$ cat work_18.pdb   # PDB, C-alpha atoms and all ligand atoms
ATOM      1  CA  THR A 390     104.075 -30.735-120.721
ATOM      2  CA  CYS A 391     101.347 -33.364-121.076
ATOM      3  CA  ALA A 392      97.854 -32.066-120.354
ATOM      4  CA  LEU A 393      94.558 -33.812-119.575
ATOM      5  CA  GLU A 394      91.873 -31.144-119.941
ATOM      6  CA  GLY A 395      88.119 -31.276-120.031
ATOM      7  CA  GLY A 396      86.877 -34.719-119.356
ATOM      8  CA  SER A 397      88.628 -36.118-122.410
ATOM      9  CA  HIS A 398      91.213 -34.013-124.255
ATOM     10  CA  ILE A 399      94.733 -35.426-124.041
ATOM     11  CA  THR A 400      97.624 -33.333-125.336
ATOM     12  CA  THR A 401     100.810 -35.377-125.426
ATOM     13  CA  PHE A 402     104.330 -34.150-124.718
ATOM     14  CA  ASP A 403     104.933 -33.629-128.469
ATOM     15  CA  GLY A 404     101.790 -31.764-129.479
ATOM     16  CA  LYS A 405      99.236 -34.289-130.728
ATOM     17  CA  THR A 406      95.870 -33.420-129.199
ATOM     18  CA  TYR A 407      93.195 -36.140-129.235
ATOM     19  CA  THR A 408      89.848 -37.053-127.661
ATOM     20  CA  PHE A 409      89.255 -40.391-125.961
ATOM     21  CA  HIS A 410      86.151 -40.813-123.645
ATOM     22  CA  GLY A 411      87.220 -43.854-121.610
ATOM     23  CA  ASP A 412      85.875 -45.822-118.649
ATOM     24  CA  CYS A 413      88.776 -47.327-116.611
ATOM     25  CA  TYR A 414      92.050 -46.538-114.847
ATOM     26  CA  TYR A 415      94.651 -45.616-117.466
ATOM     27  CA  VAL A 416      98.436 -45.320-117.393
ATOM     28  CA  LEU A 417      99.198 -41.666-118.173
ATOM     29  CA  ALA A 418     102.980 -41.750-117.713
ATOM     30  CA  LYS A 419     105.350 -44.306-116.220
ATOM     31  CA  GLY A 420     109.106 -44.761-116.102
ATOM     32  CA  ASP A 421     110.488 -47.530-118.228
ATOM     33  CA  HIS A 422     113.382 -48.936-116.179
ATOM     34  CA  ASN A 423     111.777 -51.257-113.654
ATOM     35  CA  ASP A 424     110.348 -48.986-110.987
ATOM     36  CA  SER A 425     110.738 -45.289-111.248
ATOM     37  CA  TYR A 426     107.152 -44.007-111.092
ATOM     38  CA  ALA A 427     103.694 -44.459-112.585
ATOM     39  CA  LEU A 428     100.937 -41.869-112.903
ATOM     40  CA  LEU A 429      97.403 -43.207-113.258
ATOM     41  CA  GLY A 430      94.113 -41.430-113.812
ATOM     42  CA  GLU A 431      90.427 -42.345-113.856
ATOM     43  CA  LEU A 432      88.426 -41.232-116.883
ATOM     44  CA  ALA A 433      84.884 -42.397-116.103
ATOM     45  CA  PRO A 434      81.440 -41.180-117.217
ATOM     46  CA  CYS A 435      80.136 -38.393-115.014
ATOM     47  CA  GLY A 436      76.978 -37.339-116.868
ATOM     48  CA  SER A 437      74.175 -39.374-118.444
ATOM     49  CA  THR A 438      75.559 -40.963-121.623
ATOM     50  CA  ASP A 439      78.957 -42.599-122.113
ATOM     51  CA  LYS A 440      80.215 -39.610-124.110
ATOM     52  CA  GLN A 441      80.042 -37.338-121.049
ATOM     53  CA  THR A 442      83.219 -38.345-119.222
ATOM     54  CA  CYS A 443      85.223 -36.673-116.475
ATOM     55  CA  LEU A 444      88.512 -37.022-114.646
ATOM     56  CA  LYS A 445      87.860 -38.350-111.165
ATOM     57  CA  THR A 446      90.992 -39.673-109.459
ATOM     58  CA  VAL A 447      94.718 -39.116-109.980
ATOM     59  CA  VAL A 448      96.923 -41.863-108.524
ATOM     60  CA  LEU A 449     100.696 -41.470-108.156
ATOM     61  CA  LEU A 450     102.883 -44.523-107.483
ATOM     62  CA  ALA A 451     106.271 -43.133-106.466
ATOM     63  CA  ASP A 452     109.406 -44.003-104.449
ATOM     64  CA  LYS A 453     110.058 -47.427-106.022
ATOM     65  CA  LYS A 454     106.265 -47.929-106.282
ATOM     66  CA  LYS A 455     105.833 -48.467-102.529
ATOM     67  CA  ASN A 456     104.077 -45.135-101.828
ATOM     68  CA  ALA A 457     100.634 -44.554-103.354
ATOM     69  CA  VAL A 458      99.264 -40.996-103.361
ATOM     70  CA  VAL A 459      95.600 -40.443-104.279
ATOM     71  CA  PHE A 460      94.065 -37.142-105.461
ATOM     72  CA  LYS A 461      90.294 -37.387-105.156
ATOM     73  CA  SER A 462      88.018 -34.808-106.763
ATOM     74  CA  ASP A 463      87.117 -33.042-103.513
ATOM     75  CA  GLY A 464      90.569 -32.230-102.218
ATOM     76  CA  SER A 465      91.200 -35.144 -99.848
ATOM     77  CA  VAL A 466      94.803 -36.062-100.588
ATOM     78  CA  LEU A 467      95.474 -39.408 -98.951
ATOM     79  CA  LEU A 468      98.706 -41.395 -98.646
ATOM     80  CA  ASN A 469      98.367 -45.204 -98.340
ATOM     81  CA  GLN A 470      94.601 -45.048 -97.638
ATOM     82  CA  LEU A 471      95.131 -42.461 -94.870
ATOM     83  CA  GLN A 472      94.340 -38.728 -94.881
ATOM     84  CA  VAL A 473      97.271 -36.307 -94.833
ATOM     85  CA  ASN A 474      97.502 -32.654 -93.848
ATOM     86  CA  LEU A 475      98.844 -30.179 -96.326
ATOM     87  CA  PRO A 476     101.699 -29.117 -96.783
ATOM     88  CA  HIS A 477     103.575 -32.437 -96.692
ATOM     89  CA  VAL A 478     107.284 -32.112 -97.520
ATOM     90  CA  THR A 479     109.443 -35.250 -97.618
ATOM     91  CA  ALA A 480     112.868 -36.244 -98.917
ATOM     92  CA  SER A 481     111.809 -37.466-102.374
TER      93      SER A 481
ATOM     94  CA  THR B 390     115.630 -52.895 -74.776
ATOM     95  CA  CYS B 391     117.104 -49.541 -73.748
ATOM     96  CA  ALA B 392     114.895 -47.545 -71.394
ATOM     97  CA  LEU B 393     114.856 -43.874 -70.375
ATOM     98  CA  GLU B 394     112.583 -43.676 -67.333
ATOM     99  CA  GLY B 395     111.870 -40.963 -64.834
ATOM    100  CA  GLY B 396     113.583 -37.792 -65.765
ATOM    101  CA  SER B 397     117.010 -39.384 -65.504
ATOM    102  CA  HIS B 398     117.336 -43.170 -65.229
ATOM    103  CA  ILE B 399     119.012 -44.758 -68.245
ATOM    104  CA  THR B 400     119.052 -48.544 -68.530
ATOM    105  CA  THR B 401     121.301 -49.641 -71.373
ATOM    106  CA  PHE B 402     120.771 -52.596 -73.692
ATOM    107  CA  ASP B 403     123.032 -54.769 -71.485
ATOM    108  CA  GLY B 404     121.652 -54.021 -68.035
ATOM    109  CA  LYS B 405     123.686 -51.194 -66.507
ATOM    110  CA  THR B 406     121.275 -48.726 -64.920
ATOM    111  CA  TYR B 407     122.614 -45.234 -64.165
ATOM    112  CA  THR B 408     121.444 -41.713 -63.304
ATOM    113  CA  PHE B 409     122.551 -38.672 -65.283
ATOM    114  CA  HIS B 410     120.595 -35.328 -64.871
ATOM    115  CA  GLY B 411     121.652 -33.516 -68.053
ATOM    116  CA  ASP B 412     120.774 -30.265 -69.817
ATOM    117  CA  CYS B 413     121.160 -30.662 -73.628
ATOM    118  CA  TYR B 414     120.183 -32.779 -76.630
ATOM    119  CA  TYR B 415     121.869 -36.176 -76.324
ATOM    120  CA  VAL B 416     122.484 -39.015 -78.768
ATOM    121  CA  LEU B 417     120.581 -42.008 -77.372
ATOM    122  CA  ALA B 418     121.208 -44.473 -80.210
ATOM    123  CA  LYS B 419     122.581 -44.080 -83.722
ATOM    124  CA  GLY B 420     123.694 -46.438 -86.467
ATOM    125  CA  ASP B 421     127.394 -46.605 -87.083
ATOM    126  CA  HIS B 422     127.700 -47.049 -90.859
ATOM    127  CA  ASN B 423     127.302 -43.572 -92.306
ATOM    128  CA  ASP B 424     123.586 -42.872 -92.196
ATOM    129  CA  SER B 425     121.221 -45.428 -90.868
ATOM    130  CA  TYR B 426     119.378 -43.573 -88.095
ATOM    131  CA  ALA B 427     119.892 -41.419 -85.015
ATOM    132  CA  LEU B 428     117.626 -41.106 -81.985
ATOM    133  CA  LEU B 429     117.996 -37.940 -79.926
ATOM    134  CA  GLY B 430     116.341 -36.860 -76.704
ATOM    135  CA  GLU B 431     116.169 -33.716 -74.580
ATOM    136  CA  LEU B 432     116.927 -34.108 -70.880
ATOM    137  CA  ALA B 433     116.419 -30.603 -69.478
ATOM    138  CA  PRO B 434     115.498 -29.299 -66.009
ATOM    139  CA  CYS B 435     111.753 -29.169 -65.486
ATOM    140  CA  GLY B 436     111.505 -28.254 -61.795
ATOM    141  CA  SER B 437     113.351 -25.666 -59.705
ATOM    142  CA  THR B 438     116.912 -26.932 -59.194
ATOM    143  CA  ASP B 439     119.185 -28.572 -61.764
ATOM    144  CA  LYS B 440     118.678 -31.994 -60.169
ATOM    145  CA  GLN B 441     114.990 -32.037 -61.147
ATOM    146  CA  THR B 442     115.225 -33.002 -64.814
ATOM    147  CA  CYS B 443     112.675 -34.360 -67.266
ATOM    148  CA  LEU B 444     112.469 -35.793 -70.757
ATOM    149  CA  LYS B 445     110.949 -33.212 -73.067
ATOM    150  CA  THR B 446     111.479 -34.007 -76.751
ATOM    151  CA  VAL B 447     112.291 -37.185 -78.676
ATOM    152  CA  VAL B 448     113.785 -36.577 -82.128
ATOM    153  CA  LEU B 449     114.133 -39.351 -84.719
ATOM    154  CA  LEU B 450     116.361 -38.850 -87.776
ATOM    155  CA  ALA B 451     115.480 -41.688 -90.143
ATOM    156  CA  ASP B 452     115.483 -42.632 -93.852
ATOM    157  CA  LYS B 453     119.112 -41.682 -94.591
ATOM    158  CA  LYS B 454     118.765 -38.787 -92.098
ATOM    159  CA  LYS B 455     116.555 -36.726 -94.427
ATOM    160  CA  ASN B 456     113.315 -37.170 -92.431
ATOM    161  CA  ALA B 457     113.120 -35.649 -88.943
ATOM    162  CA  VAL B 458     110.280 -36.774 -86.663
ATOM    163  CA  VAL B 459     109.650 -34.846 -83.430
ATOM    164  CA  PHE B 460     107.734 -36.152 -80.384
ATOM    165  CA  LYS B 461     106.835 -33.209 -78.171
ATOM    166  CA  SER B 462     105.543 -33.726 -74.638
ATOM    167  CA  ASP B 463     101.920 -32.880 -75.447
ATOM    168  CA  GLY B 464     101.280 -35.318 -78.259
ATOM    169  CA  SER B 465     101.924 -33.140 -81.317
ATOM    170  CA  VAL B 466     103.899 -35.446 -83.587
ATOM    171  CA  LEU B 467     105.345 -33.323 -86.367
ATOM    172  CA  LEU B 468     107.303 -34.335 -89.472
ATOM    173  CA  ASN B 469     109.728 -31.733 -90.905
ATOM    174  CA  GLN B 470     108.281 -28.877 -88.795
ATOM    175  CA  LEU B 471     104.726 -29.717 -89.931
ATOM    176  CA  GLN B 472     101.897 -31.359 -87.965
ATOM    177  CA  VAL B 473     100.821 -34.852 -89.012
ATOM    178  CA  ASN B 474      97.623 -36.790 -88.394
ATOM    179  CA  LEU B 475      97.819 -40.154 -86.745
ATOM    180  CA  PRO B 476      98.029 -42.986 -87.939
ATOM    181  CA  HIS B 477     100.762 -42.328 -90.518
ATOM    182  CA  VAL B 478     101.937 -45.475 -92.325
ATOM    183  CA  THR B 479     104.731 -45.198 -94.900
ATOM    184  CA  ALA B 480     107.092 -47.548 -96.722
ATOM    185  CA  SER B 481     110.012 -47.399 -94.270
TER     186      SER B 481
ATOM    187  CA  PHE C 667      91.049 -12.167-106.032
ATOM    188  CA  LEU C 668      94.449 -12.529-107.712
ATOM    189  CA  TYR C 669      95.737 -13.762-111.062
ATOM    190  CA  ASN C 670      99.360 -14.402-110.041
ATOM    191  CA  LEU C 671      99.119 -16.465-106.857
ATOM    192  CA  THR C 672     102.241 -18.577-106.335
ATOM    193  CA  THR C 673     103.506 -20.960-103.621
ATOM    194  CA  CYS C 674     105.993 -18.518-102.058
ATOM    195  CA  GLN C 675     103.518 -15.849-100.989
ATOM    196  CA  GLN C 676     102.640 -17.869 -97.879
ATOM    197  CA  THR C 677     102.589 -17.133 -94.146
ATOM    198  CA  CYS C 678     105.480 -16.121 -91.914
ATOM    199  CA  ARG C 679     105.846 -19.808 -91.036
ATOM    200  CA  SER C 680     107.183 -20.140 -94.584
ATOM    201  CA  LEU C 681     109.619 -17.354 -93.675
ATOM    202  CA  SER C 682     110.907 -19.509 -90.800
ATOM    203  CA  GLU C 683     112.310 -22.064 -93.246
ATOM    204  CA  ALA C 684     112.644 -19.713 -96.283
ATOM    205  CA  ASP C 685     114.838 -22.162 -98.230
ATOM    206  CA  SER C 686     113.185 -25.549 -97.550
ATOM    207  CA  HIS C 687     109.862 -25.388 -99.441
ATOM    208  CA  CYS C 688     109.549 -22.804-102.195
ATOM    209  CA  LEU C 689     109.607 -25.055-105.309
ATOM    210  CA  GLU C 690     110.284 -22.771-108.241
ATOM    211  CA  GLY C 691     109.353 -23.989-111.716
ATOM    212  CA  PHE C 692     105.533 -24.034-111.572
ATOM    213  CA  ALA C 693     102.923 -21.719-113.115
ATOM    214  CA  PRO C 694     100.911 -19.006-111.321
ATOM    215  CA  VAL C 695      97.247 -19.699-110.602
ATOM    216  CA  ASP C 696      94.202 -17.555-109.848
ATOM    217  CA  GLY C 697      92.558 -17.592-106.432
ATOM    218  CA  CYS C 698      91.873 -15.607-103.287
ATOM    219  CA  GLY C 699      94.979 -13.990-101.814
ATOM    220  CA  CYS C 700      96.524 -10.972-100.136
ATOM    221  CA  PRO C 701      98.115  -7.941-101.902
ATOM    222  CA  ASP C 702     101.773  -6.885-102.370
ATOM    223  CA  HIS C 703     102.303  -6.671 -98.585
ATOM    224  CA  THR C 704     100.507  -7.812 -95.375
ATOM    225  CA  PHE C 705     101.491 -11.488 -95.410
ATOM    226  CA  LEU C 706      99.120 -14.186 -94.203
ATOM    227  CA  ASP C 707      98.657 -14.816 -90.482
ATOM    228  CA  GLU C 708      98.023 -18.144 -88.745
ATOM    229  CA  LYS C 709      94.246 -17.968 -89.264
ATOM    230  CA  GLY C 710      91.731 -15.600 -90.818
ATOM    231  CA  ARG C 711      92.726 -12.210 -92.195
ATOM    232  CA  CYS C 712      96.249 -11.238 -93.231
ATOM    233  CA  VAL C 713      97.750  -8.690 -90.810
ATOM    234  CA  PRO C 714     100.728  -6.492 -91.895
ATOM    235  CA  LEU C 715     104.381  -7.457 -91.602
ATOM    236  CA  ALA C 716     105.037  -5.945 -88.159
ATOM    237  CA  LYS C 717     102.669  -8.170 -86.142
ATOM    238  CA  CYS C 718     102.532 -11.235 -88.417
ATOM    239  CA  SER C 719     103.629 -14.159 -86.174
ATOM    240  CA  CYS C 720     106.700 -15.888 -84.760
ATOM    241  CA  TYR C 721     106.745 -19.589 -85.641
ATOM    242  CA  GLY C 724     107.400 -25.175 -82.677
ATOM    243  CA  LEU C 725     104.080 -23.372 -82.318
ATOM    244  CA  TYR C 726     103.361 -20.035 -83.989
ATOM    245  CA  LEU C 727     103.454 -17.538 -81.121
ATOM    246  CA  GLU C 728     101.784 -14.129 -81.059
ATOM    247  CA  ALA C 729     103.548 -10.766 -81.391
ATOM    248  CA  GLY C 730     104.077 -10.193 -77.675
ATOM    249  CA  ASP C 731     106.346 -13.071 -76.686
ATOM    250  CA  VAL C 732     109.998 -12.862 -75.623
ATOM    251  CA  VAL C 733     112.148 -16.002 -75.596
ATOM    252  CA  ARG C 739     116.165 -13.689 -75.474
ATOM    253  CA  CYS C 740     114.295 -13.278 -78.776
ATOM    254  CA  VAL C 741     111.620 -10.584 -78.989
ATOM    255  CA  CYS C 742     108.897 -11.484 -81.492
ATOM    256  CA  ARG C 743     109.296  -9.046 -84.379
ATOM    257  CA  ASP C 744     108.467  -8.413 -88.046
ATOM    258  CA  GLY C 745     109.085 -11.737 -89.775
ATOM    259  CA  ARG C 746     112.599 -12.438 -88.509
ATOM    260  CA  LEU C 747     113.689 -13.042 -84.923
ATOM    261  CA  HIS C 748     116.525 -11.372 -83.009
ATOM    262  CA  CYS C 749     118.268 -14.606 -82.057
TER     263      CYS C 749
HETATM  264  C1  LIG A 801     100.603  -9.648-109.245
HETATM  265  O1  LIG A 801     100.441  -8.538-110.132
HETATM  266  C2  LIG A 801     100.059  -7.333-109.451
HETATM  267  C3  LIG A 801      99.864  -6.274-110.511
HETATM  268  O2  LIG A 801      98.579  -5.675-110.423
HETATM  269  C4  LIG A 801     101.121  -6.953-108.422
HETATM  270  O3  LIG A 801     100.521  -6.921-107.132
HETATM  271  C5  LIG A 801     102.283  -7.945-108.426
HETATM  272  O4  LIG A 801     103.051  -7.787-109.613
HETATM  273  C6  LIG A 801     101.803  -9.400-108.324
HETATM  274  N1  LIG A 801     101.483  -9.737-106.945
HETATM  275  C7  LIG A 801     102.198 -10.580-106.184
HETATM  276  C8  LIG A 801     103.410 -11.201-106.825
HETATM  277  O5  LIG A 801     101.883 -10.828-105.026
END
$ encode --input "work_18.pdb" --output "structure tokens"
Amino acid sequence: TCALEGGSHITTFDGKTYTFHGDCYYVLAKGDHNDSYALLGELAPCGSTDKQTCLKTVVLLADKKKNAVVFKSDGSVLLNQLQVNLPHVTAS
Amino acid sequence: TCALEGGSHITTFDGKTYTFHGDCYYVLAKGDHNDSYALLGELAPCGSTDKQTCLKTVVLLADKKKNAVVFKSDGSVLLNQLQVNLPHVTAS
Amino acid sequence: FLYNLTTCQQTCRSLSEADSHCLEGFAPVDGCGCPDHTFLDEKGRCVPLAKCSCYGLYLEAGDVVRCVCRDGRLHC
């Protein structure tokens, strides 16, 4: 289990907790082969200074990287820039 | 173009118009290989007698037959027994 | 307010599939939910098991197909 807690506290799959405070989209986990998946995540400043950062958007690029799923920080799950209704059960 | 007009007037891909008046789910078109797709359609009686039939439900079994899409006769497009919001653009 | 809310404590529409979407392997979370019985209805409060729903559109507990709408399962 990899965890991304607080604004900036990454705990890797092998222990190893560390603090980062970024401002970009970052690759959190991706499969190495050519395609499999890629999990992104926005770690941008939410408060006043640059040291007050927050997670804002989780992006999942699945199914041979042709389906993009976006998890905004107000609910609002949207598939390929279009709102979806939950639950949403598919084949993969 | 294959057309299914009225309650019961099938026009095949090669001309050949005919009248049927069924009461079941029927296979309208399906791919021959092992999977590709299958398009069903309900032709059930809607009026009083059995000769007053209507189209009621179009069922599409796509993406290696793991995704079922249902077109009821009041709008109400639903994917895998769950309502969807339109438009709904995917990879396939 | 619960401390052990899980995916498969859902409505009787989840009982219509009952093997399609349960997804074991996650962790329980804490939110608003119903107690050990009286499963969730289509909207609003959670009525008991006898007059839950019959899920197609979720029909009320007075409809006869020949399947009388009953507690969770249908006599089909
Ligand atoms: C959660 O724990 C309580 C114990 O107070 C009990 O209702 C039951 O074990 C759990 N509830 C569920 C699984 O709905």
$ residues_around --input "work_18.pdb" --residues "stretch 673-688 of chain C" --least-positions-apart "3" --cutoff "7 Å" --atoms "only C-alpha atoms" --output "list in words"
residues 705, 706, 707, 718, 719, 721 and 745 of chain C
$ axis_aligned_box --input "work_18.pdb" --around "ligand LIG 801 (chain A)" --padding-each-side "3 Å" --output "AutoDock Vina command-line options"
--center_x 101.0 --center_y -8.4 --center_z -107.8 --size_x 10.8 --size_y 11.5 --size_z 11.5
$ residues_near_ligand --input "work_18.pdb" --ligand "ligand LIG 801 (chain A)" --cutoff "6 Å" --atoms "only C-alpha atoms and all ligand atoms" --output "list in words"
residues 670, 701 and 702 of chain C
$ atom_distance --input "work_18.pdb" --atom1 "atom CA of residue C:747" --atom2 "atom CA of residue C:714"
16.1 Å
$ resolve_selection --input "work_18.pdb" --expression "the PyMOL selection byres (((chain C and resi 667) around 12) and not hetatm)" --output "VMD selection string"
chain C and resid 668 to 671 695 to 701
$ write_last_selection --input "work_18.pdb" --atoms "C-alpha atoms" --output "PDB file, in the frame of the given file"
ATOM      1  CA  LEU C 668      94.449 -12.529-107.712  1.00  0.00           C
ATOM      2  CA  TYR C 669      95.737 -13.762-111.062  1.00  0.00           C
ATOM      3  CA  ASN C 670      99.360 -14.402-110.041  1.00  0.00           C
ATOM      4  CA  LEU C 671      99.119 -16.465-106.857  1.00  0.00           C
ATOM      5  CA  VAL C 695      97.247 -19.699-110.602  1.00  0.00           C
ATOM      6  CA  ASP C 696      94.202 -17.555-109.848  1.00  0.00           C
ATOM      7  CA  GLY C 697      92.558 -17.592-106.432  1.00  0.00           C
ATOM      8  CA  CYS C 698      91.873 -15.607-103.287  1.00  0.00           C
ATOM      9  CA  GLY C 699      94.979 -13.990-101.814  1.00  0.00           C
ATOM     10  CA  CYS C 700      96.524 -10.972-100.136  1.00  0.00           C
ATOM     11  CA  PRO C 701      98.115  -7.941-101.902  1.00  0.00           C
TER      12      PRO C 701
END
$ resolve_selection --input "work_18.pdb" --expression "the PyMOL selection byres ((chain A and not hetatm) within 12 of (chain C))" --output "compact mmCIF listing (two decimals) with C-alpha atoms, in the frame of the given file"
# COMPACT_ATOMS: atom_id res chain seq x y z
CA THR A 390 104.08 -30.74 -120.72
CA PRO A 476 101.70 -29.12 -96.78
CA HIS A 477 103.58 -32.44 -96.69
CA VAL A 478 107.28 -32.11 -97.52
CA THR A 479 109.44 -35.25 -97.62
CA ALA A 480 112.87 -36.24 -98.92
$ resolve_selection --input "work_18.pdb" --expression "the PyMOL selection byres ((chain B) within 10 of (chain A and not hetatm))" --output "PDB file with C-alpha atoms, keeping the file's coordinate frame"
ATOM      1  CA  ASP B 452     115.483 -42.632 -93.852  1.00  0.00           C
ATOM      2  CA  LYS B 453     119.112 -41.682 -94.591  1.00  0.00           C
ATOM      3  CA  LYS B 454     118.765 -38.787 -92.098  1.00  0.00           C
ATOM      4  CA  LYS B 455     116.555 -36.726 -94.427  1.00  0.00           C
ATOM      5  CA  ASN B 456     113.315 -37.170 -92.431  1.00  0.00           C
ATOM      6  CA  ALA B 457     113.120 -35.649 -88.943  1.00  0.00           C
ATOM      7  CA  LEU B 468     107.303 -34.335 -89.472  1.00  0.00           C
ATOM      8  CA  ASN B 469     109.728 -31.733 -90.905  1.00  0.00           C
ATOM      9  CA  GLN B 470     108.281 -28.877 -88.795  1.00  0.00           C
ATOM     10  CA  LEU B 471     104.726 -29.717 -89.931  1.00  0.00           C
ATOM     11  CA  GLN B 472     101.897 -31.359 -87.965  1.00  0.00           C
ATOM     12  CA  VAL B 473     100.821 -34.852 -89.012  1.00  0.00           C
ATOM     13  CA  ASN B 474      97.623 -36.790 -88.394  1.00  0.00           C
ATOM     14  CA  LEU B 475      97.819 -40.154 -86.745  1.00  0.00           C
ATOM     15  CA  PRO B 476      98.029 -42.986 -87.939  1.00  0.00           C
ATOM     16  CA  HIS B 477     100.762 -42.328 -90.518  1.00  0.00           C
ATOM     17  CA  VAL B 478     101.937 -45.475 -92.325  1.00  0.00           C
ATOM     18  CA  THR B 479     104.731 -45.198 -94.900  1.00  0.00           C
ATOM     19  CA  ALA B 480     107.092 -47.548 -96.722  1.00  0.00           C
ATOM     20  CA  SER B 481     110.012 -47.399 -94.270  1.00  0.00           C
TER      21      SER B 481
END
$ atom_distance --input "work_18.pdb" --atom1 "atom CA of residue B:467" --atom2 "atom CA of residue B:451"
13.7 Å
$ closest_residue --input "work_18.pdb" --among "A:391, A:397, A:447, A:466" --to "residue A:412" --atoms "all atoms listed in the file"
A:397
$ closest_residue --input "work_18.pdb" --among "B:392, B:399, B:458, B:449" --to "residue B:411" --atoms "all atoms listed in the file"
B:399
$ calpha_fit_and_write --input "work_18.pdb" --fixed "chain A" --moving "chain B" --output "compact mmCIF listing (two decimals) with C-alpha atoms, in the frame of the given file"
# COMPACT_ATOMS: atom_id res chain seq x y z
CA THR B 390 104.07 -30.74 -120.72
CA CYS B 391 101.35 -33.36 -121.08
CA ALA B 392 97.85 -32.07 -120.35
CA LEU B 393 94.56 -33.81 -119.57
CA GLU B 394 91.87 -31.14 -119.94
CA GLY B 395 88.12 -31.28 -120.03
CA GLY B 396 86.88 -34.72 -119.36
CA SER B 397 88.63 -36.12 -122.41
CA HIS B 398 91.21 -34.01 -124.25
CA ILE B 399 94.73 -35.43 -124.04
CA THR B 400 97.62 -33.33 -125.34
CA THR B 401 100.81 -35.38 -125.43
CA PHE B 402 104.33 -34.15 -124.72
CA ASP B 403 104.93 -33.63 -128.47
CA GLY B 404 101.79 -31.76 -129.48
CA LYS B 405 99.24 -34.29 -130.73
CA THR B 406 95.87 -33.42 -129.20
CA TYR B 407 93.19 -36.14 -129.23
CA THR B 408 89.85 -37.05 -127.66
CA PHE B 409 89.25 -40.39 -125.96
CA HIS B 410 86.15 -40.81 -123.64
CA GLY B 411 87.22 -43.85 -121.61
CA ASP B 412 85.87 -45.82 -118.65
CA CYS B 413 88.78 -47.33 -116.61
CA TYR B 414 92.05 -46.54 -114.85
CA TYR B 415 94.65 -45.62 -117.47
CA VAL B 416 98.44 -45.32 -117.39
CA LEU B 417 99.20 -41.67 -118.17
CA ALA B 418 102.98 -41.75 -117.71
CA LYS B 419 105.35 -44.31 -116.22
CA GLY B 420 109.11 -44.76 -116.10
CA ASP B 421 110.49 -47.53 -118.23
CA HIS B 422 113.38 -48.94 -116.18
CA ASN B 423 111.78 -51.26 -113.65
CA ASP B 424 110.35 -48.99 -110.99
CA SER B 425 110.74 -45.29 -111.25
CA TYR B 426 107.15 -44.01 -111.09
CA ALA B 427 103.69 -44.46 -112.58
CA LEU B 428 100.94 -41.87 -112.90
CA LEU B 429 97.40 -43.21 -113.26
CA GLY B 430 94.11 -41.43 -113.81
CA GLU B 431 90.43 -42.34 -113.86
CA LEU B 432 88.43 -41.23 -116.88
CA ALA B 433 84.88 -42.40 -116.10
CA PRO B 434 81.44 -41.18 -117.22
CA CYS B 435 80.14 -38.39 -115.02
CA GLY B 436 76.98 -37.34 -116.87
CA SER B 437 74.18 -39.37 -118.44
CA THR B 438 75.56 -40.96 -121.62
CA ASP B 439 78.96 -42.60 -122.11
CA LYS B 440 80.22 -39.61 -124.11
CA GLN B 441 80.04 -37.34 -121.05
CA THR B 442 83.22 -38.34 -119.22
CA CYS B 443 85.22 -36.67 -116.47
CA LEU B 444 88.51 -37.02 -114.65
CA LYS B 445 87.86 -38.35 -111.17
CA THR B 446 90.99 -39.67 -109.46
CA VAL B 447 94.72 -39.12 -109.98
CA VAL B 448 96.92 -41.86 -108.52
CA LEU B 449 100.70 -41.47 -108.16
CA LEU B 450 102.88 -44.52 -107.48
CA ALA B 451 106.27 -43.13 -106.47
CA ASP B 452 109.41 -44.00 -104.45
CA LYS B 453 110.06 -47.43 -106.02
CA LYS B 454 106.26 -47.93 -106.28
CA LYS B 455 105.83 -48.47 -102.53
CA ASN B 456 104.08 -45.14 -101.83
CA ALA B 457 100.63 -44.55 -103.35
CA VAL B 458 99.26 -41.00 -103.36
CA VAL B 459 95.60 -40.44 -104.28
CA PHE B 460 94.06 -37.14 -105.46
CA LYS B 461 90.29 -37.39 -105.16
CA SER B 462 88.02 -34.81 -106.76
CA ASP B 463 87.12 -33.04 -103.51
CA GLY B 464 90.57 -32.23 -102.22
CA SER B 465 91.20 -35.15 -99.85
CA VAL B 466 94.80 -36.06 -100.59
CA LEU B 467 95.47 -39.41 -98.95
CA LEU B 468 98.71 -41.40 -98.65
CA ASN B 469 98.37 -45.20 -98.34
CA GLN B 470 94.60 -45.05 -97.64
CA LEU B 471 95.13 -42.46 -94.87
CA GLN B 472 94.34 -38.73 -94.88
CA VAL B 473 97.27 -36.31 -94.83
CA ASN B 474 97.50 -32.65 -93.85
CA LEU B 475 98.84 -30.18 -96.33
CA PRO B 476 101.70 -29.12 -96.78
CA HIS B 477 103.57 -32.44 -96.69
CA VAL B 478 107.28 -32.11 -97.52
CA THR B 479 109.44 -35.25 -97.62
CA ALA B 480 112.87 -36.24 -98.92
CA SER B 481 111.81 -37.47 -102.37
$ residues_around --input "work_18.pdb" --residues "residue A:415" --least-positions-apart "2" --cutoff "9 Å" --atoms "all atoms listed in the file" --output "PyMOL selection string"
chain A and resi 411-413+417+428-432
$ atom_distance --input "work_18.pdb" --atom1 "atom CA of residue B:435" --atom2 "atom CA of residue B:410"
10.8 Å
